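> As they sit in the full assembly, here are the leading chains:
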Amino acid sequence: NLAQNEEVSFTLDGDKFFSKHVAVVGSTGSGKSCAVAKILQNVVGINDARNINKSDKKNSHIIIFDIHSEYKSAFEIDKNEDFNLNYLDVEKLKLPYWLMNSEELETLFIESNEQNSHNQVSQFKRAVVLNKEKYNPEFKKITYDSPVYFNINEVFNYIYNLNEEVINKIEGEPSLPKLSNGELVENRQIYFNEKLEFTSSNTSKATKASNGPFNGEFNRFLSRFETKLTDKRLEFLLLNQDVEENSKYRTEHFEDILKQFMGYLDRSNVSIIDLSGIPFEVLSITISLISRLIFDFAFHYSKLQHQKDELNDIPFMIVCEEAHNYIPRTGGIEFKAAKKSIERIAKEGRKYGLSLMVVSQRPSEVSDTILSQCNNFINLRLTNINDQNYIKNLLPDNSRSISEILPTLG
Amino acid sequence: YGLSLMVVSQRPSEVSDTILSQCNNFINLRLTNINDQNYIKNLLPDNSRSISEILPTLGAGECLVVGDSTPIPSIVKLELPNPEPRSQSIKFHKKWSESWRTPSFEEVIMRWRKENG
Amino acid sequence: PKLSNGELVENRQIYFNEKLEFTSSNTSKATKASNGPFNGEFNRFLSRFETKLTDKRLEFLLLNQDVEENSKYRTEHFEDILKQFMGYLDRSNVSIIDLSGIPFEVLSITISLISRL
């Protein structure tokens, strides 16, 4: 209802508001979470803890990215009312890390902070192609986004051999690595099965040998890697398992992950993805994959509907909660993968049925490449001149009469 | 050599200054942002002083014409084109106000994986 | 350069045919060899080539398709391309160029190409 006249109702067009990008910015202790909850509750159809559509199920789809919880309680309606909620705790969600793996795990698997990447990826690529080609005849690279499975333990037995191997250098023999007994390694395909013992390097022609290309150069790095293989805080990205009791995903169980994030396993309309349990500076690992899978599905589903003159029938909305924790303005390299998928959705999501809601309370720290794509603004109270200036430099209407009402709003 | 240009934009303050400053004719519509009005007023070869303040109050179908071709700056009411340009987009509210729909996940993974890719 | 079989390199143009395999550098005079001037300065660059040479969305650029389906597009189809973008094939007065399917990172180059042509 209108503030000045409570006898007049306020209505907004739904095809112009929810079909484009929206931004919700406010101050501390103003009612931001309450407003978002009220809007989403009106969208789904909950009124006074009652489900209006008890006999019929409607076609609404919303995904929420939570980093402080605070939103499950808003959808815990009574069991009598037919309303299922899809709550996923990522810390116990079992996300595979081999589907994309380009900017999530291999970013910290063969490189951590050093320029030694120039020789860190020279033989691991060949071994991983060997494994993923022996499983099935295909082609792979160091970066590869296809949903395929490889055994990390085997392929990094090769990496352990890299600093636990000495190449033979005896005159009159082929340049093939010499084992402890004296066997010459014809092909390095036996390395990833299990690490082998090689004789020490020597200059005498009887047992002449030279240290391998990456011998002794990365002992600390592989120590860190094998530490992370059993880290007590990374069980959710199938890392503490490393091919164990839960490894029965060969090539054709990719549908389960999509049905889990989308919520097509129990007929749910709201999905919550909680990132509170996950430690810091490892949360951008999964965003780049969750944001990519939905976009790929939307694109590929939209393509296979123009042969019969139709359009997409399952639009989606994504609700970010704190955009300054993983999409900052002044940043370096620790936030790279997410800031590309979000850009793709913000620049190519209107023709494929995908929108965005950006919620924050410090607008002066969010990337302008994403916040300038928004068409509708809901402004709460603001008391900082920097935020006021930044907002009034982006609003479609910048009349002064409407800018003096911000720090007078209850 | 036989070439010209026409620049259409809704944020004149974010376009390159070199290209935009070499334009001899202007067609202005409603503007509500102060920065855009200031930039247009700076880059406007005319004698308009008070008629340039009517931009934030212009209606639908009205434009302000200034330049060399016109003898005097003026305000012109335009008609509607026939046929009319229209874009194709999906309406989220209308499609959200229907019954439950199930996609075909089997068909969207055959195209997704066309012998890898 | 010395290969696995020890054959020398009469001309470097043989590098334009296949991925040759070379020998291992050593200090002993039997197989004395050294690293080339550029042996590790291109590691991720080749991978980024392999990424862009198989992307199906960048198909209109003819980066991919070593197959002979359109490998005959030598320097004799340059007139047809110009006549297509100027409307002199099946004469027309308005030429509308749509760019709504192009990835957002390869949009500027197409406009630059058409404008320069």
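That came through fine. Numbering: from 1, shown residues only, chains lettered A, B, ... in the order given.
> could you pull out the strands for chain B?
B:25-28, B:62-67, B:74-77 (DSSP state E).
> Next, the buried residues of the first one.
Buried residues in strand B:25-28, counted by 16 or more other Cβ atoms under 10 Å in any protein chain shown: B:26, B:28. Quick note: C-beta positions are derived from backbone N, CA and C, even for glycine.
> ditto for stretch A:281-297
Using 16+ other Cβ under 10 Å as the test for burial, stretch A:281-297 gives A:283-297.
> Write out the residues of chain B neighbouring chain C.
residue B:117 (Cβ under 8 Å from any Cβ of the partner chain).
> on that earlier part again, which of the strands of chain B is buried the deepest?
Highest mean neighbour count of those: strand B:62-67, a mean of 17 (counted as mean count of other Cβ atoms under 10 Å in any protein chain shown).
> Tell me which residues are up against that strand.
Applying Cβ atoms under 8 Å, 6 or more residues apart in numbering or on different chains, the contact partners of strand B:62-67 are B:24-29, B:44-46, B:48, B:51-52, B:54-55, B:58, B:73-78.
> which residue sits closest to whatever residue of chain B ends up closest to chain C, ignoring its sequence neighbours?
Chain C sits closest to residue B:117 of chain B, with a gap of 6.3 Å, by Cβ to the nearest Cβ. Nearest non-adjacent residue to residue B:117, counting by Cβ to Cβ, 6 or more residues apart in numbering or on different chains: residue C:56, 6.3 Å away.
> Helices of the chain, start to end?
Went with chain A since none was named. A:14-17, A:32-44, A:117-120, A:124-135, A:152-162, A:219-228, A:255-262, A:284-303, A:338-348, A:368-371, A:385-392, A:400-403 (DSSP state H).
> switch to chain B, that's the one I care about
B:17-20, B:34-42, B:92-96, B:105-110.
> most packed of the ones you listed?
Taking mean count of other Cβ under 10 Å, helix B:92-96 is the most buried of the helices of chain B, at a mean of 18.
> Show me what that one is packed against.
helix A:14-17 (3 or more Cβ pairs under 8 Å, 6 or more residues apart in numbering or on different chains; DSSP states H and E).
> What lies in contact with the helix it packs on?
Residues contacting helix A:14-17 (Cβ under 8 Å, 6+ apart): A:375, A:376, B:91, B:92, B:93, B:94.
> isn't residue A:121 right next to residue A:107, touching?
No. Judged on Cβ atoms under 8 Å, residue A:121 makes no contact with residue A:107 at a distance of 11.6 Å.
> Name the residue of chain A that lies nearest to chain B.
For chain A, Cβ to the nearest Cβ, closest residue to chain B: residue A:14, 3.4 Å.
> Look at that residue and say how many residues are nearby.
Using other Cβ atoms under 10 Å in any protein chain shown, residue A:14 has 15 neighbouring residues.
> got it, and residue A:339?
18.
> Provide a list of residues in contact with it.
Applying Cβ under 8 Å, 6+ apart, we find residue A:339 in contact with A:327, A:331, A:367.
> ok, the residue nearest to residue B:117 to residue C:104 distance?
Distance of residue C:56 to residue C:104, given as Cβ to Cβ, to the nearest Å: 17 Å.
> Chain D should join the structure above:
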Amino acid sequence: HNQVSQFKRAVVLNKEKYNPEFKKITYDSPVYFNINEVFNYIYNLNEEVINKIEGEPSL
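Adding chain D to what we have so far:
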């Protein structure tokens, strides 16, 4: 950066030359390394002379 790299290498090598009870260590964990040994290492590297006699190891 050259002296920083030499310091890093010397500290890594001397970090657990006699400290096996830290199974997993790269640089940062709180373990004791003698700084004078690192200084002697760098000084020897500055004064390093390589033997080139034929028939003898290149040491």
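> In light of the added chain D, please revisit the contacts of helix A:14-17.
Against helix A:14-17 from outside (Cβ under 8 Å, 6+ apart): A:375, A:376, B:91, B:92, B:93, B:94.
> Same list (these) but as JSON lines, adding distance to chain D.
Converted to JSON lines, these look like this (distance: Cβ to the nearest Cβ, whole Å):
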{"residue": "A:375", "distance to chain D": "48"}
{"residue": "A:376", "distance to chain D": "48"}
{"residue": "B:91", "distance to chain D": "56"}
{"residue": "B:92", "distance to chain D": "50"}
{"residue": "B:93", "distance to chain D": "54"}
{"residue": "B:94", "distance to chain D": "58"}
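> Which of the residues you listed sits closest to residue B:69?
residue A:375 (34.6 Å; Cβ to Cβ).
> re the thing from before, closest one to residue B:34 out of the contacts of helix A:14-17, please.
Closest to residue B:34, out of all of these and judged by Cβ to Cβ, is residue A:375, at 19.0 Å.
> For residue A:22, see how far away that closest one is.
8 Å.
> And for residue A:10?
Applying Cβ to Cβ, the value for residue A:10 to residue A:22 is 16 Å.
> Quick check: phi and psi at the closest residue to chain D within chain B.
Chain D sits closest to residue B:116 of chain B, with a gap of 37.1 Å, by Cβ to the nearest Cβ. With angles defined as degrees, to the nearest 10, residue B:116 sits at phi 70, psi 140.
> if I read this right, residue A:323 contacts residue A:362, doesn't it?
No. If you go by Cβ under 8 Å, residue A:323 and residue A:362 don't touch, sitting 9.1 Å apart.
> These two - which one has more neighbours?
residue A:323 (24 against 16).
> which residues touch that one?
A:358, A:359, A:360, A:366, A:367, A:370.
> try 7 Å
Neighbouring residues of residue A:323 by Cβ atoms under 7 Å, 6 or more residues apart in numbering or on different chains: A:358, A:360, A:366.
> ok, the last one touching residue A:360?
Yes. Proximity of residue A:366 to residue A:360 meets the contact threshold set by Cβ atoms under 7 Å, at 5.8 Å.
> Between those two, which contacts overlap?
A:323, A:324.
> What's the local residue count around residue A:217?
15.
> Repeat that for residue A:46.
Residue A:46: 19 neighbours (other Cβ under 10 Å).
> what's across from it in the sheet?
residue A:51 (DSSP bridges).
> returning to that earlier point: settle it for me: which of residue A:10 and residue A:22 has more neighbours?
The residue with more neighbours, out of residue A:10 and residue A:22, is residue A:22; 19 against 7, by other Cβ under 10 Å.
> If that one is in a bridge, with which residues?
Under the criterion used (DSSP bridges), residue A:22 bridges to residue A:357, residue A:376.
> so what's it up against?
Shown in contact with residue A:22 (Cβ under 7 Å, 6+ apart): A:357, A:374, A:376.
> coming back round to it: name the nearest residue to the residue of chain B closest to chain D, ignoring sequence neighbours.
Nearest in space to residue B:116, with sequence neighbours left out and distances taken as Cβ to Cβ, 6+ apart, is residue A:138 at 5.0 Å.
> roughly how far apart are the one you found and chain D?
35 Å (Cβ to the nearest Cβ, to the nearest Å).
> My read is that that residue contacts residue B:113, right?
No. When contacts are counted by Cβ under 7 Å, residue A:138 is not listed as touching residue B:113 (10.4 Å).
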